[PDB]
Each structure stands twice: as structure tokens, then as C-alpha cells.
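For the record, the sequence lines run as chains B and A. Here the first sequence is numbered in PDB author numbering, starting from 1 and rising by one per residue. Here the second sequence is numbered in PDB author numbering, starting from 1 and rising by one per residue. Even for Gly, the Cβ is constructed at its ideal location relative to N, Cα and C.
Protein chains: 2
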Amino acid sequence: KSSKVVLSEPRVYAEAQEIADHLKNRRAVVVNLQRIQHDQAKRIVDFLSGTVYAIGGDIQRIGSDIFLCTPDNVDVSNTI
Amino acid sequence: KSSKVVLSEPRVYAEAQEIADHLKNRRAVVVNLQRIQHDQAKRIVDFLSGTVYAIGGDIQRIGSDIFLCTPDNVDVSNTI
């Protein structure tokens, strides 16, 4: 009865695979593309947009070029 | 057997209380201070730094003036 949050900073769709592999284990991942080139960041998001959904997870934008990836076993909300 | 991620954007320690109250329910919170004034953002972090720890949780910086708050029931790691 526990969860995980993993900080992931890929530079290419090929490395973004690691994010999906974490999701397959019902882990949450923190994706920061702030230091990632325009084309690199895009390819990562495009990759994840397909893959993350397909494997039960989803993507939440939480800041400037920063996203989270979570499995179906995690809810998303907000507050102020 | 589930977890939650809540996006929280307080403007003052007084509102940051909501973050702690989520932690008390074993929820994760996403704290984005990018749009929050220097003094406001500081007071929030200072508040959380004490409170979040005290109630079993912790704080992870994941981006520019962006933090997560998690309970003791969540692990933190990274990958590239």
C-alpha cells in the first residue's frame, strides 16, 4: 500500500520510454522539460501523449514545460 | 489502494494550510509558486518546510519555484 514519485528528465522520445516503464509499475513520474530543447521537449511530449494514455496513465501540466505522468490508480485535483 | 495528486497554488502561508490538510489524508500535492510574489512564495515554503515534515510528509523541488508535497507513504526517486 504505497506509491512512488520519480523525477524524469529525458532529452528524446527514446529516453521517455523510461517514463512509460515506471507507469507500468503504477509509479508517478515528474517530467521537467525546462532545460530540454524545443524539438527535444516536443518529441518527448508527443511520445508520452500516445504511450502514457495507452498504458492506463495520463499527463498533467503543472508548470512551464513541466508535466506529471500518473497511472489509472491516481486521481488528479487542485486547490487554492 | 490508491493515491491522489493535488495542484495547489497558495499565495500565503495561511492558504498553504490546505496543502498540509491534504497530506494528513495521505495525498500528494503539486505546489507551483511561479506566479507567486517573492515574499509570498517564501512564506509558503517556510510554512511548508516546518509543517510538511512535522506531519510525516516531505518537500521535493522539481522545477523553478515548483515543489511537491508527499506523505511518508510515498517514495521519491529520479531517472534519465
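Judged by beta-carbon spacing, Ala28(B) lies within the 8 angstroms limit of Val6(B), meaning their Cβ atoms are closer than that value.
Contacts with chain A at 8 angstroms (Cβ-Cβ) include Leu68(B).
Residue range 13–23 is occupied by the alpha helix (DSSP H) that includes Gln17(A), with no beta strand (DSSP E) assigned at that position. A residue is called buried when at least 16 other Cβ atoms come within 10 angstroms of its Cβ; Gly57(B) meets this threshold and is buried. The beta-carbon separation of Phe47(B) and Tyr13(B), rounded to 4 angstroms, stays under the 8 angstroms limit for a contact. Contact of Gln34(A) with chain B by beta-carbon distance below 9 angstroms involves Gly63, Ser64. As a beta-bridge residue in DSSP terms, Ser77(B) pairs with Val6(A).
For chain B, the residues of the region 2–14 of chain A that bring a beta carbon within less than 9 angstroms of one of its beta carbons are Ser2, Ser3, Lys4, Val5, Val6, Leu7, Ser8, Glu9, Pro10, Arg11, in chain order.
Residue state for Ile62(B) is assigned as strand, using DSSP reduced to three classes. The continuous alpha helix (DSSP H) containing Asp46(B) extends over residues 38–54. The beta carbon of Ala16(A) is closer than 6 angstroms to those of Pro10, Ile44, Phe47, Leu48 in its chain, skipping five residues each way along the sequence.
At a Cβ-Cβ threshold of 8 angstroms, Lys24(B) and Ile55(B) count as neighbours.
When DSSP states are grouped into helix, strand and coil, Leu33(B) belongs to the coil group. Of the candidates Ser8(A), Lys1(A), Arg26(A), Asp65(A), the residue whose Cα lies closest to the Cα of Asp39(A) is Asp65(A).
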